[PDB]
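1. Requesting a structural model of the entry that follows:
(one chain, ligands or ions: 3)
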Amino acid sequence: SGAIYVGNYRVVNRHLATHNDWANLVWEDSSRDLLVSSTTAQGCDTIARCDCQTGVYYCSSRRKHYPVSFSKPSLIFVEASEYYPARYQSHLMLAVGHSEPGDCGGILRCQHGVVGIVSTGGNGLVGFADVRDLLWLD
Ligand SMILES: CCS(=O)(=O)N1CCC(C(=O)O)CC1
Ligand SMILES: CCS(=O)(=O)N1CCC(C(=O)O)CC1
Ligand SMILES: [Zn+2]
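-> Numbering: from 1, shown residues only. Ligands and ions are numbered 1, 2, ... in the order given. The protein structure is shown below:
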């Protein structure tokens, strides 16, 4: 689980959004696994405006931060897991790293701030939903 809090926006995995997230929907994209909802309280997170392909992500299933190399955002076919079926996902970044069910909403970040959140795992890979193209967030 986990979210980004920037200005008056909460960014979450679409498949983990709550009834409140949908009651305060700003934007959602089923192809990206993203949803943004409005918050009343100001968030502290800064979104990276960069094309970094290295950073650190938080892995709650190991309670560790891992440094990773990741691919640039692209359309990727996502393998079926124990709990979710297989599907295509846009704006997805892969790295070699640990991600299992529960790890979603872990934040990937670089010097310039938040790059994305964990969205996929399996097969010794972690997939991250990029948020850097969403300039309206900052
Ligand atoms: C590990 C691949 S997955 O498709 O099973 N999946 C990713 C993490 C998600 C979450 O923690 O919400 C749900 C589970
Ligand atoms: C790249 C991983 S990071 O985002 O956790 N971190 C390292 C880059 C910054 C620096 O070392 O100048 C500080 C922030
Ligand atoms: Zn960066």
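2. Could I get the contacting residues of the residue of the chain found nearest ligand 1?
-> Residue of the chain nearest ligand 1, by CB to the nearest ligand atom: residue 81 (2.6 Å). In this view, the C-beta of every residue, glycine as well, is placed from N, C-alpha and C. Residue 81 is in contact with 101, 121, 122, counting by CB atoms under 8 Å, 6 or more residues apart in numbering.
3. does it sit in a helix or strand, and which one?
-> According to DSSP states H and E, residue 81 maps onto no helix or strand at all.
4. sorry, back to before: which of the contacts of residue 81 are buried?
-> The neighbour-count test (16 or more other CB atoms under 10 Å) marks 121, 122 as buried among those.
5. Restrict the contacts of residue 81 to those that also contact ligand 1, please.
-> 101, 121, 122 (CB under 6 Å from any ligand atom).
6. Let me know how buried the residue nearest to the last one when sequence neighbours are not counted is, in neighbour terms.
-> Counting by CB to CB, 6 or more residues apart in numbering, the nearest residue to residue 122 once its immediate chain neighbours are dropped is residue 79, at 5.1 Å. The local packing of residue 79 (other CB atoms under 10 Å) involves 15 other residues.
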